[PDB]
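Just the one chain here, laid out as structure tokens, in the form deposited in one PDB entry.
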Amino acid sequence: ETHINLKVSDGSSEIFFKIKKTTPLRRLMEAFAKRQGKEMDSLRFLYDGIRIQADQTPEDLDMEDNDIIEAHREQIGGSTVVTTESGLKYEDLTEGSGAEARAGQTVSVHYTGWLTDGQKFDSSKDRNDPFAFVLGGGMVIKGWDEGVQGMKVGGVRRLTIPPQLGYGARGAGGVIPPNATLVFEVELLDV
């Protein structure tokens, strides 16, 4: 057996790779990152709890067919996922430096939204068009009205929105199913 199959999971997306046992894992890591639209260095890949280095081969690490590699977002400082009393979760990926978003203000953001299996359902960046809304105004889903509060301009926050703070039992747009948890990455551009 000259080749093996490896699964990379980021906790949402699961992608399989067929690779020669003597090929550096760089190729797999770069192929995985390419798909998620990121640079290989923005991610950490773990095998058996140990970070993979790009020059290492499957043979080097004694990997077997159908072994699993976990992909985590590089977050140097270390992050904290916050869970509020409503059940909303959020994590500041980058802290802003600018003014703070407060309820009642009109704010402008870029965003991407995904389902929990990793499927992208929308992004403002796809239309190169920042999105403005009145924070706390009931014109966006509740998880946004809560979750964007306290962001500072320049900040990137990742919201994990349970369905009662999203589209509930009815879903949305022929794409978001009933009872969907939603993941958004939101960048605050202006307040």
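One rule holds for the numbers: they count along the sequence shown, beginning at 1.
The same protein has a further form, the form deposited in another entry, not shown here; the description that follows concerns it.
**OP:** Pick out, from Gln75, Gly168, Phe131, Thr106, the position at the hinge of the rigid-body motion between this form and the one not shown.
**Re:** Checking the domain motion between this form and the one not shown, the hinge sits at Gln75.
_Having a change of 3 Å or more in the C-alpha distance between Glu185 and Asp10, I'd like to know whether it is closer or farther in the other form than in the form here._
It is closer: the C-alpha separation of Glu185 and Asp10 falls by at least 3 Å in the other form.
| request: Looking in the other form, decide if the C-alpha atoms of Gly154 and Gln75 are closer or farther than in the form shown; they differ by 3 Å or more. | output: Their C-alpha distance shrinks by at least 3 Å in the other form.
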